[PDB]
Structure formats: structure tokens, C-alpha cells
């Protein structure tokens, strides 16, 4: 696979744009995370890597400390896209 350093750069290269649902943004980013060495990062760390790339439309409502899992983040983000 791709070297890890190149995955990290690609992960951080693109922030979530206004047109991009949280589900599809998260799928794309988690696909990059899955190419890193198995067992390197726990879910908390993966969420820490991803959180700041989320669009402000989510972060205004959901802070990092409010979610512990990707499932939580997606649940809340979907409501936000409907609220």
C-alpha cells in the first residue's frame, strides 16, 4: 500500500466542504485510516485526527468531547443535517 506519511498528508489535505454529507466525508477519511498499519491508532485517536477537518457547520453544534465513537459523530451529524 501507500506509505503512511502519504496517507497522513492526503487525509489532512482536504477539509469537509459545504456540499459534502458527513456520512460520505467520514467514509472517505476512514478509508484512508484503514490503510495505516493495523492496530496503530485507536478510535479516540482516529476521531482526534478527523475532527478538525469537519465543516464548521457540524463543529458549531458538536464539540469533540461530546462524541466518543464514529457512530456517535455520524448520529449527531445526521440530525444536524436535518435540524
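Residue numbers count along the first chain shown, from 1.
Residue-level temperature factors show residue 14 in the highest third of its chain, judged at the C-alpha atom. For residue 80, the recorded CA B-factor ranks within the highest third of the chain. Only modelled residues enter the ranking. Among the modelled residues of its chain, residue 30 has a C-alpha B-factor that falls in the middle third according to the deposited record. In the PDB entry, residue 36 places in the middle third of its chain by CA B-factor.
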